[PDB]
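Topology and contacts: notes
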Amino acid sequence: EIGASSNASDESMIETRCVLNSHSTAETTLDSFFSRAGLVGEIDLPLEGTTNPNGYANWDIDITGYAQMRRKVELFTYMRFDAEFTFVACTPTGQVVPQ
Amino acid sequence: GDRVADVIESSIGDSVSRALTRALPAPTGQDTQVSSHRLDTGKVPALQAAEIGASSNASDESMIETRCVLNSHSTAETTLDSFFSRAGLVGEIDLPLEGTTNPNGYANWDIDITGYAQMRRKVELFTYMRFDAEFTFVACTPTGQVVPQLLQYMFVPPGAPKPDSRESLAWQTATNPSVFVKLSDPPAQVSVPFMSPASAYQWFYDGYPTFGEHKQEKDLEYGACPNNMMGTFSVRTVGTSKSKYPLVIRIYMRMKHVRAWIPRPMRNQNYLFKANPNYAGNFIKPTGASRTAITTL
Amino acid sequence: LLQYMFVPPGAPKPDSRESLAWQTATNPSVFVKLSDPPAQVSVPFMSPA
Amino acid sequence: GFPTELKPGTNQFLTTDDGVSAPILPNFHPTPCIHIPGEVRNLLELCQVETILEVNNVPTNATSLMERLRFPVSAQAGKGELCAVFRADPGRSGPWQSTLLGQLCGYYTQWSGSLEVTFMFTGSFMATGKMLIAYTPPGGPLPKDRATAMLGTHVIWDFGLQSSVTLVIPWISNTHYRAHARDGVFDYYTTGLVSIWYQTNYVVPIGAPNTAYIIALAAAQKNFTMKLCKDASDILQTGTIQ
Amino acid sequence: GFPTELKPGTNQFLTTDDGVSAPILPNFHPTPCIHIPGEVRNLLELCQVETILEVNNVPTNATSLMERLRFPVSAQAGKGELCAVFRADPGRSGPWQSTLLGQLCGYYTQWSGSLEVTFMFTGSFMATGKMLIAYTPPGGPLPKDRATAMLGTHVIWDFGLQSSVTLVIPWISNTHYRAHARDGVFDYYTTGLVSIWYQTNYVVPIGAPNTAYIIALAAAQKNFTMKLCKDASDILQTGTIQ
Amino acid sequence: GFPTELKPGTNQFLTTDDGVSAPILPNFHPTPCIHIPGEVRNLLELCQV
Amino acid sequence: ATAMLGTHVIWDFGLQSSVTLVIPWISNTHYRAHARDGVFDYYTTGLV
Amino acid sequence: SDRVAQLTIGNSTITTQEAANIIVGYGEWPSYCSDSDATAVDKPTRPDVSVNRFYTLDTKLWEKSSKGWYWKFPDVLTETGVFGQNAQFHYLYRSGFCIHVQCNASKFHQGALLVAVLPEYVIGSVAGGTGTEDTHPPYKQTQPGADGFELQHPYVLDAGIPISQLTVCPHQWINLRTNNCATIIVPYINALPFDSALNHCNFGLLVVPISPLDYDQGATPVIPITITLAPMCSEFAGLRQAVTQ
Amino acid sequence: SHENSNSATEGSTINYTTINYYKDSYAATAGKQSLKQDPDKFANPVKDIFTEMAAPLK
Amino acid sequence: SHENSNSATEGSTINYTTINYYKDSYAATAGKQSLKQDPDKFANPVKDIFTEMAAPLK
Ligand SMILES: CCCCCCCCCCCCC/C=C/[C@H](O)[C@H](N)CO
Ligand SMILES: CCCCCCCCCCCCC/C=C/[C@H](O)[C@H](N)CO
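Residues numbered from 1 in each chain as written, not as in the entry; some residues may be left out. Chains lettered and ligands numbered in written order. Part of a larger assembly, values for the part shown. Heavy atoms only, no water.

This entry lists cryo-EM as its structure determination method and reports a resolution of 3.3 Å.

Let's talk about the side chain of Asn-268 of chain B
Short version of the rule: In this description a helix means any DSSP run of H or I spanning at least four residues, a strand means any run of E spanning at least two, and both kinds are numbered starting from the N terminus. For the purposes of these results, a polar contact is taken to be a pair of N or O atoms within 3.5 Å, where, inside protein, one atom must be able to donate a hydrogen and its partner to accept one; residues adjacent in sequence count only when each atom of the pair is a side-chain atom. By definition in these notes, contact holds between two residues if any of their heavy atoms fall within 4.5 Å.
If you trace the backbone, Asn-268 of chain B turns up in the segment after strand 11 (247–263). Side-chain polar atoms of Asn-268 of chain B contact the side chain of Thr-287 of chain B, separated by 2.8 Å. Residue contacts for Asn-268 of chain B: discarding those within four places in its chain leaves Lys-285 and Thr-287 of chain B, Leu-236 of chain E together with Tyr-155, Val-156, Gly-160, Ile-161 and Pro-162 of chain H.

Thoughts on the sheet that holds strand 8 (residues 149–150) of chain H
Residues and elements named next belong to chain H. We apply this condition: When DSSP finds two or more bridges between a pair of strands, those strands are recorded as paired.
Spatial ordering of the open sheet is given by 8-5-12-7-9, a layout of 5 strands whose pairing is antiparallel. Of all strands in the sheet, those with a lone pairing partner are strand 8 and strand 9 (171–175), marking the two edges. Here strand 5 (residues 69–73) runs beside strand 8; their pairing, made up of 2 bridges, is antiparallel. Bridging from a neighbouring strand, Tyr-70 pairs with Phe-149 of strand 8.

What about the interface of chain H and chain E?
The condition is simple: By buried area we mean how much accessible surface two parts lose on assembly, using a 1.4 Å probe and totalling the loss over both. We define a salt bridge as a contact between a side-chain nitrogen of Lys or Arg and a carboxyl oxygen of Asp or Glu at a distance within 4 Å. Ten residue types, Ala, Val, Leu, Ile, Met, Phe, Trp, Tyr, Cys and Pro, are classed as nonpolar, four, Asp, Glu, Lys and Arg, as charged, and the remainder, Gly among them, as polar.
In this assembly, 39 residues from chain H lie in contact with 45 residues from chain E. With both sides pooled, the region where chain H packs onto chain E buries about 3,300 Å², and carbon together with sulfur makes up 61% of that total. Inspection of the chain H/chain E interface yields 0 salt bridges. Our count for the chain H to chain E interface comes out at 14 residue pairs in polar contact. Of all the secondary-structure elements, those providing two or more residues to the side of chain H that touches chain E are strand 7 (110–119), strand 9 and strand 12 (203–214) of chain H. Examining the composition of the side of chain H that touches chain E, we find that 6 residues originate from one element, strand 12 of chain H, more than from any other. Taken together, the residues that form the side of chain H that touches chain E break down as 20 nonpolar, 12 polar and 7 charged.

Thoughts on the site of ligand 1
All names here are of chain A. Keep this limit in mind: Being near a molecule or strand, for a residue, means having at least one of its heavy atoms within 4 Å of it. In this description, accessible areas are obtained by the Shrake-Rupley approach with a 1.4 Å probe, and a residue is regarded as covered only by the protein chains that are shown.
In the region of ligand 1, the neighbouring residues are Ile-61, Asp-62, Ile-63, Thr-64, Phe-85 and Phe-87. Summarising the interface, the protein chains cover 45% of the accessible area of ligand 1, which totals 600 Å² for the free molecule. Taken together, the residues that form the shell around ligand 1 break down as 4 nonpolar, 1 polar and 1 charged.

Structural notes on the nonpolar core
In plain terms, the rule: Take the buried residues of types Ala, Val, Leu, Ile, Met, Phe, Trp, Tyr and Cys, join any two whose side-chain atoms come within 4.5 Å, and each joined set is a nonpolar core. The buried label goes to any residue with under 20% of its type's maximum accessible area, the exposed label to any with over 50%, and the partly exposed label to all in between, with areas taken from a 1.4 Å probe on protein chains only.
The biggest cluster of nonpolar side chains holds 202 residues, and the ones touching the most others in it are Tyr-153 of chain B, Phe-119 of chain E together with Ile-99 of chain H. Considering every element that reaches this core, the biggest residue donor is strand 11 of chain B, with 9 residues. If we skip the residues at most four places from it in the chain, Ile-99 of chain H touches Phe-73, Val-117, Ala-182, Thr-183, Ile-184, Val-186, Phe-203, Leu-205, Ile-227, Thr-228 and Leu-229 of chain H. Counting 56 residues, the second largest nonpolar core, distinct from the first, contains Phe-76 of chain A together with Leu-46, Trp-96 and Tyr-107 of chain D.

So, the site of ligand 2
Residue and element names in this part refer to chain B. Around ligand 2 there are 16 residues in total, and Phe-135, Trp-203, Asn-228, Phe-233 and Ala-275 lie nearest to it. Within the complex, 94% of the 600 Å² of free accessible area of ligand 2 lies under protein. Elements that contribute at least two residues to the shell around ligand 2 include exactly strand 5 (126–140) and strand 8 (188–192). The residue inventory of the shell around ligand 2, partitioned by class, reads 13 nonpolar, 2 polar and 1 charged.

Side note on a nonpolar patch on the surface
Which entries qualify depends on this criterion: Surface patches are drawn from residues lacking salt bridges whose relative accessible area is over 30%; two like charges belong together within 9 Å, two nonpolar side chains (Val, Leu, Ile, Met, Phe, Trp, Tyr) within 5 Å.
On the surface, a nonpolar cluster with roughly 690 Å² of combined accessible area is contributed by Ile-43, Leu-45, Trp-59, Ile-61, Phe-85 and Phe-87 of chain A. Position of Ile-43 of chain A relative to the elements: it lies in the loop between helix 1 (30–34) and helix 2 (67–73).

Examining the sheet that holds strand 1 (residues 2–5) of chain C
Strand order in this open sheet of 3 strands is 1(C)-2(C)-2(E), and the pairing throughout is antiparallel. The sheet is open, and its two edges are formed by strand 1 of chain C together with strand 2 (13–14) of chain E, each paired on a single side. By the bridge criterion, 2 bridges tie strand 2 (residues 29–32) of chain C to strand 2 of chain E in an arrangement that is antiparallel. Across the sheet, residue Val-30 of chain C finds its bridge partner in strand 2 of chain E, namely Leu-14 of chain E.

Observations regarding the interface of chain E and chain B
Each side of the interface is counted separately: chain E has 95 residues, and chain B has 90 residues. For the pair chain E and chain B, the two sides together bury roughly 7,800 Å², of which 58% comes from carbon and sulfur. The interface formed by chain E and chain B includes 2 salt bridges. For the salt bridge of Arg-254 of chain B with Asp-18 of chain E, the shortest nitrogen-to-oxygen distance reads 2.3 Å. At 6 residues, strand 7 (residues 82–87) of chain E tops the list of elements feeding residues into the side of chain E that touches chain B. The class makeup of the residues in the side of chain E that touches chain B is 50 nonpolar, 33 polar and 12 charged. Pairing analysis gives 2 bridges linking strand 11 of chain B to strand 4 (residues 39–40) of chain E, with the strands arranged antiparallel. Across the sheet, residue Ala-260 of chain B finds its bridge partner in strand 4 of chain E, namely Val-40 of chain E.

See the structure below:
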């Protein structure tokens, strides 16, 4: 009712033994959870098409276009961070071309 | 409190593991000391009893007249890391253009090193092994030619969504670690930690993972250790359309920081199934070669 | 893409391009492409003498 | 002309690799950080906050999706009947998916630590009663009756001024960590079952409602840890987000 | 812009090369290691454990593969006849392939150190006798008789309360190491021959079995070392492991 | 991500270049050297015979 | 299989001809009255 | 001073006059789980004398044509006494063992038994002989119970592993000419501090006659092999209702 | 090592270990965070804190 | 050199010499192990150890 999580411990409910917990909590930190590159935008540069037939495309920077990234980032209201952007370019067949 | 003698003097709770032996440094092979002819009664090093189950401790000096040899032969190369830290084939992924296995341009490889006898016989020598891993992915066409194709290797831990198509949403890799390399580049190489829930990988699990009746349909669960299911390996050709080239991907694993427990007899029969000690019942062959007679070579 | 395997005396000699000996689970192997610079390794003094 | 030799692993793009990248804007100083309350530093802080546990996750229609949050109790025949059961796995599909703890554990393959479940009684002040909440360690099937259920870890809940009671699910496992359990061979990592039985009855006087609802809140203790960060099990996206 | 010059050997994948690789899971801490008994630290520990030596490796059929482990002795004519012979090479095809020492030495090109072979007598308690076990250093052919065999290293075995005797095969070689010997020019690294001759007879009283079996256990001494780790001589695989 | 710039002379194989190469056999210790008479140390020793 | 569950000894024939089986004092009361058929079997010592 | 021995634990005592010393598995005595190794938070129960006692489970007859037998641990005791009751009522399990194999004969009998303890002894099937059939051993073969199971191909131990290398495991030899008993003390061997006593079998005990039994006609033809064993430092945790299998 | 103090976490009470090769601190690696947690600041954010073993409502 | 202590052989009595360029210790090289052996713990694991030159069975 108060709105506070119950503070009852294991020792105060059942007969417990002595366990030295050495399990690290490092991997649940913010940088460990978030510092993994994920898709945030995709740019298509077709030869003949209606989207970008001019050989260029302007992508308004926003990470809300893909649910995988959006669900993670949207967990918190305010986020302050640096960014590292990697651009993987290839033809639709996955082939690399001298462009 | 404790007032009765059987509780006060009780050894219950003594968690120290009494070890009759202690490890001693041995950088080189043991030296051979001078020995002379020895003619005495009552004391006899030659006669032993393998009945006890202990290896005979008779030395060279106690059997024949030996000289003094300073043995400087190093024992470094027989250590666990020296023996195991050599990359070997553990899995092969085929990505055909037209086929029945993986015609969709992607393939999910359940991570297991039991698919190749060369690696399996080495790793299966010990019951429990704890180590890091270093995986190298050599990709090429069936003719051995390198082609300008961009691939994605995804590590899919147990419980993560397995991709079902080359354009599946799971490839967004927002949380899973992924590697993007081209075939023209050197083979991709990453280091994988010890991810088992147990304190050590166990190649043989003499038990069942879940309770209940183990009928015919629920019979493949024997010998399967969930503590060794490290996840799935997903590879795809990065693109929306079908790839121009057929690809075959070979995955080489090299253990490091290896620790091993409980040595067991080395396999002597042909392997038949992954994660299964089954052997050809009618084709049981002897461990070594045979000879016509025991009195001749 | 080529594979160079060092086969010490006593190790099984491969008999075909798809032989099981190429699994190199113990033997040292080098995987290089012709476009890459020539493969270069250092070999110790391995003679019994 | 310093001699270097490229080793395998070059030219690759590893998404989890922590490396250095060229800064696009030299000499750029970001906006100074003012103090904002409620800063998180570890996801374990969020994993220790109680959230509503959808124990009664039977309904599916939109007009009654709200009743999944709580399950009812009422006057009974006093034979120790069963009220509700649910598995104790947080990252497994089921009731625990409604909790923030379960949602976060969906991002981590392995978890270790004792969980805590608090049930809030929302009945009238004049309604009393006792309920038995029992946790069955792994290996034992669903208890057939209260006499079988009492043999495991359990708590006796007495309705009173203190509306809620806390049931601690102790960390009882053979392995240091539990991988995510599911149907098949991976049920080896099951945590067990939590069953709620009527201890005596739900006693209510004349003039008060005959049916009362219980709200279950689930959270993790201070020894709870997570390992092997993995991809999300659910992708909240059907096509392209337009 | 640090000037570097790539030297030959780049872009290659050396399977035995010890290098650094990018960690897939940052900040991941593995499961803590509990104490497990029987940890190995060096393969020499396994090479010093006695294992059954298939001296009588004549049979091939499945129903009698078990009799390869032991070879028989019986009452004889007392002329010092020959009982069994076998080569002392551990990594060579033959009896030594049944031993863990031989199986491990199959993984190493060069070995150096004295070997030890213990024969366990499994006859009746009332049966006595003496046997001569002689080791012939390299260069000498198979001895034609006991008089020739005694000239090399040998031990006289007396049956008694101590069932087994230990024959030490001393390290006698011109080279510091022996490469794996086989038929052809590589027989230069032969270790020699071990032959077992009846010293006096196998004497047994009335009412006890006339034929008794001997179990041979082989192992390596504390000066045994191995070098030049190589690929396995046998590949336990016919097709693809399905 | 240490910035390096390749200078001319890369990818070449110089036969007289003294460089480091990856060892094929890790932790391998060669056979110990016994004393052998008549060791040469410089070709000038042979040029004076 | 049922008998082994109580106090027991394993006797090996050898040079030592005899073995000693100790019947420990296991009783609820400090003393045992003389047991016999009927209600007085309450003081039974057990079976060997 | 080494041939006569007496092992006492709990309320049971086992004696022997032709012993052949005692083998401690991997040179480590059984011990209770340390607080830095334990992972369960509930306080384990340590019944002590009620479970740490010598259980005589079954008797097998050694014959001139016997192939060998094996038992699974603690399967053999999952249904025996207070130990079995505790193993059924408790989810977790931890204990050592002291296995005493009895096989007594006369001075005119001959034969040799290899008594070994192989941890995680996974039994495989014959795969239909040719090896094209993906079979699995039945429940009665993977968990034989207190009756053990007779090996079909003792040369490969029904698992593709030669018995010639079985001596690398803690083992003793029962050679009827000298000794009539084998004593092996096995600590807890697992990758986990605790495990289920029903689903998981920590190790399997193998009794395979390497040298066939022989005797002239007229002597006692029944040579029984009796297995006697006693858990050491047994712990249990995770109590719930009893589970039979 | 004189670089710009322009990382996203500058002016904080916590120390990181990062690798950087440029004058701008925001180009550095992610590094290691401090393992400090404040679970109570969400779990029990009450004005008058109450004892565990006692009655929450008195 | 402040890195994570997450190698597979951490908390051991033996010292390794490894080369690492990342904050995770399991990415390091294999390095050199200590040449410690315990041959007796398999070869002669008896309770009452017996002298070499004496009679094993007395
Ligand atoms: C090569 C230059 C790349 C420049 C990268 C700049 C990225 C800056 C990081 C944050 C970008 C904003 C992410 C989206 C924020 C909000 O969710 C949306 N604006 C919603 O309106
Ligand atoms: C790029 C990501 C690669 C991830 C590599 C993870 C490998 C983890 C190492 C151990 C893998 C398990 C090996 C096989 C274990 C057992 O033998 C089988 N599971 C038998 O069931």
